[PDB]
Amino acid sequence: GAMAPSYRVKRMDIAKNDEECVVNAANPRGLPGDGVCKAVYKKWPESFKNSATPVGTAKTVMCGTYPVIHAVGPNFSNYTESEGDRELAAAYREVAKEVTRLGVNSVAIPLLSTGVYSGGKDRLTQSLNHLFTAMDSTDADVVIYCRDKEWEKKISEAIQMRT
């Protein structure tokens, strides 16, 4: 584990992370996809061998020795708010199990079911609070990656507010 487990946020491409493993915002079919998934596909295409996995689950595939944790959040266009909320919490619980299993000291994580799977709604708080619920009991350093300047501020505020 990390000597003093922390949460941090950075505004940049998760493909350039400085962590021991990465969480992909995957689709269920292990396709290259869009947004974070497409960036992950360019950087670690070898990790898409047999990466298909159901909604609400995570599946780790190594790129060399670098673990890519494919986490499938729900697409809120298809799920009800209630069922989507349940599957989004579940995906993050499965990420925490894999991060623990791998024994990493740090993980790079995007906010699942924001962007294309958000169903046109702002889900920063929903997604971040499910991330915290799952990762709080882990001792890895967690680095959250985002692209929007206002989201960076709001994620930073949410981290600092619980300190």
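The first residue of the shown sequence is 1; numbering continues from there.
Visitor: I need to verify one thing: averaged over C-alpha atoms only, is the B-factor higher for 39-47 or for 114-122?
Guide: Per the deposited B-factors, the answer is 114-122.
Visitor: Output the stretch having the higher mean C-alpha B factor in the entry; the candidates are 29-37 and 57-65.
Guide: The stretch with the larger average C-alpha B-factor is 29-37.
Visitor: Which has the highest CA B-factor per the PDB entry: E150, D141, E20, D13?
Guide: Checking the PDB record, the top C-alpha B-factor among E150, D141, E20, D13 is at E150.
Visitor: Where does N129 sit by CA temperature factor within its chain: lowest, middle or highest third?
Guide: Answer is middle: the recorded C-alpha B-factor places it there.
Visitor: Which third of the chain does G84 land in by C-alpha B-factor: lowest, middle or highest?
Guide: Highest third - that is where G84 ends up once the chain's C-alpha B-factors are sorted.
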